[PDB]
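**Q** How does the following fold in three dimensions:
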Amino acid sequence: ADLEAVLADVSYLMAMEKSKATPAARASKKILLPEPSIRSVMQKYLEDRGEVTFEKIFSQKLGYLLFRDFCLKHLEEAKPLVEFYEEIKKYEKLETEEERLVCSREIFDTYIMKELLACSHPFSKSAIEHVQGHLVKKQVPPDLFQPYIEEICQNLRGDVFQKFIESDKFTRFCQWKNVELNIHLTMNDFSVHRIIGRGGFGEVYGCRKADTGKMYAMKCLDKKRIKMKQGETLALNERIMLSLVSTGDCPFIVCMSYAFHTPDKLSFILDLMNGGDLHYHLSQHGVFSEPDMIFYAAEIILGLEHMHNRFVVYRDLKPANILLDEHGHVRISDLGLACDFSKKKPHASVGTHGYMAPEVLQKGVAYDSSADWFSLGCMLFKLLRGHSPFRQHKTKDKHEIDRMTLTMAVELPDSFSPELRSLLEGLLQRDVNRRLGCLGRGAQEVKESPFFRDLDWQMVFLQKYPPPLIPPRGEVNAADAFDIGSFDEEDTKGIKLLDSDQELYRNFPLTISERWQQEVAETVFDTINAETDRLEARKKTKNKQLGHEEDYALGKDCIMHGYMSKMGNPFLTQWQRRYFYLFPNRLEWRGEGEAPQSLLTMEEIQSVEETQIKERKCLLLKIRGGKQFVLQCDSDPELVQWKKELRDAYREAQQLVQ
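**A** Numbering: from 1, shown residues only. This is the structure:
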């Protein structure tokens, strides 16, 4: 290969491998948390939608981390409870009874027996007796301590949670949540490496997120090409499907973290399966063997089960769409042609010739998730033979392959064991009502098939089995960027994107909370937290020494307060950032911090409405008498809450004054 390609590959590989032992060091940009005063607005914003309950926070990764570290360091009473809960959770992940026996005895002695002996145990007799009855019989199921989990959560829900909310670590949670809700991604935020694939409406590049360093796969769709091929509906459907299946914990599907668009591209951020697709590895390694294909079939069956449980039908199932991760475990990747059959069963012949179900290939006849099982059979057949059960592209014409609707699968006796012959005979049935997986419970009908009789599906979900193939660690595991190529830019000439077209993607951008929180927790949570803490320590010392504290008790009846930019003065600085206080009768206004002063009285307000200025969202207040004020906030949540609270305040004040 030429020098440029070699350099691109080396840069991509080094960025992928850099600082594996210290993920925090991979970030080139830094997350700047807002000031601790943010909680005055963010608390109301979260309360107004009921998000400050114990379950909501404790179920969030960052919320859980902050609550845990508060209990373990700033509340002695809650320390044993959190320690017990955490060790129970650790125990639940033990995979063998030989280890669970000792772990459970240690947990019992440490957190139950000693407290019982000291008579300090606060838990109910029921949980004690349940655990004692299970253990006296030598039973160590993973659900041993579930009653203790419930009771620990009940105890933490009490004054412990209120103390946490009143603490300075709920302020940190508010800061992190505000940082989350203000995610506005652009192509600048990512360091895009060499192209790794192409197809559909655009290309796929490996990329590193700037402010966390986590490696992602950026899938870009060109808006002009989408308009040219009338693909707006498909482009939006792909986002719907990705957001539908990403919300969860399934490790068998390429999950989406973010979605955004530039003026000309639609971009999805997905998991990076640096091992490459299974078709490339099949070509390099050759036909797999039955014990090897057991692994792939089991993993793909679990993935399809996850998708089907959500009523999504994966119409294009090929070896090319199956991506191997670093360690060799597979995932389903391309949800471009996926559809939902819960509302109405599709009827379009969408797929790839040689892997489409007979009812999919038939015109007009509706079909359901039943399609994915025929495609699974065809795919498993390819892994063992190098081609679909019906002729390949180089062996027959496209419509000659379509004669799959007028024949029956060969079902070779040589390369297949009788169990596999039965499995493929079930999966390649012409009649949907008789086809395996298309009757009864669905995924269970296949999972219980004889070919998987030896397989323990719990270990499949836990991914304990050794992959048959481990992708090379020193290669990109993809075709050369010259081979992948690029779309012809001339094809888009004559295509113009109207404002009515950019309106189709008004609501496109998206961020998934759990995925972002997990990324932050893995990468830069502790570093940022420490830096933030140092910054507030510095500023607190400065304020204490020089006076002008952060706030003088926040007044007597302040509804809310926070920074806002008094905007729009031509003869002064446009961004006159200041600190504001809201009261039921007036809105006060403070300078650098010496003394607050009144800016406005609610009785004067005529209306409050949002407006766009300098391509930035702002708040417009119109005043009885022709006066007006413009205020600009920093995070959409600040703007939303300020709008809501100002509106409610003046409406109530004027209605009462009526």
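
**Q** ok, the nearest residue to residue 251 once chain neighbours are set aside to residue 302 distance?
**A** Of all residues not flanking residue 251 in the chain, residue 463 sits nearest, at 6.5 Å (Cβ to Cβ, 6 or more residues apart in numbering). In short, each C-beta sits where N, CA and C put it, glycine included. Distance of residue 463 to residue 302, computed by Cβ to Cβ, to the nearest Å: 10 Å.

**Q** Looking at these two, which is more packed in?
**A** Each of residue 463 and residue 302 has its neighbours counted (other Cβ atoms under 10 Å); residue 302 has more, 21 against 17.

**Q** Now for the closest residue to that one other than its chain neighbours: which residues touch it?
**A** Excluding the flanking residues, the one nearest residue 302 by Cβ to Cβ, 6+ apart is residue 252, at 5.1 Å. When contacts are counted by Cβ atoms under 8 Å, 6 or more residues apart in numbering, residue 252 touches 299-300, 302-303, 306, 330-332.

**Q** Can I get these in JSON lines including distance to residue 594 and secondary structure?
**A** Below are the contacts of residue 252 laid out as JSON lines (distance: Cβ to Cβ, whole Å; DSSP: H, G, I helix; E, B strand; the rest coil):
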{"residue": "299", "distance to residue 594": "65", "secondary structure": "helix"}
{"residue": "300", "distance to residue 594": "67", "secondary structure": "helix"}
{"residue": "302", "distance to residue 594": "64", "secondary structure": "helix"}
{"residue": "303", "distance to residue 594": "62", "secondary structure": "helix"}
{"residue": "306", "distance to residue 594": "59", "secondary structure": "helix"}
{"residue": "330", "distance to residue 594": "64", "secondary structure": "strand"}
{"residue": "331", "distance to residue 594": "59", "secondary structure": "strand"}
{"residue": "332", "distance to residue 594": "61", "secondary structure": "strand"}
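
**Q** Spatially, which two of the residues you listed are the most separated?
**A** Spatially, the most separated pair among the contacts of residue 252 is 306 and 330, at 13.3 Å (Cβ to Cβ).

**Q** out of these two, which sits in the busier spot?
**A** Neighbour totals were compared for residue 306 and residue 330, and residue 330 leads with 25 against 19 (other Cβ under 10 Å).

**Q** which among the contacts of residue 252 gets closest to residue 431?
**A** residue 300 (23.0 Å).

**Q** you'd agree that closest one is up against residue 323?
**A** No: taking Cβ atoms under 8 Å as the definition, residue 300 is not a contact partner of residue 323, at 11.3 Å.

**Q** what helix or strand does residue 566 sit in?
**A** Residue 566 is part of strand 560-567, with elements assigned from DSSP states H and E.

**Q** same deal with residue 99?
**A** Element membership for residue 99, per DSSP H and E: helix 97-108.

**Q** so what does that helix touch, helix or strand wise?
**A** In terms of contacts (3 or more Cβ pairs under 8 Å, 6 or more residues apart in numbering; DSSP states H and E), helix 97-108 is packed against helix 79-92, helix 125-136.

**Q** what comes into contact with the first one?
**A** In this case it means helix 79-92. Residues outside helix 79-92 that contact it (Cβ under 8 Å, 6+ apart): 68, 71-72, 100, 103-104, 107, 110-111, 142-145, 148-149, 152-153, 155-156, 160.

**Q** what's the distance between residue 457 and residue 440?
**A** From residue 457 to residue 440 the distance is 17 Å (Cβ to Cβ).

**Q** So for those two, which sits in the more crowded spot?
**A** For residue 457 versus residue 440, the count of surrounding residues by other Cβ under 10 Å is larger for residue 457: 15 against 10.

**Q** how about the nearest residue to the more buried one, chain neighbours excluded?
**A** Take residue 457 and drop its neighbours on the chain: the residue closest to it by Cβ to Cβ, 6+ apart is residue 447, 6.0 Å away.

**Q** so the one you found touches residue 301, yeah?
**A** Yes: Residue 447 lies in contact with residue 301 (Cβ under 8 Å); the separation is 6.2 Å.

**Q** Right, I'll call it a day here.
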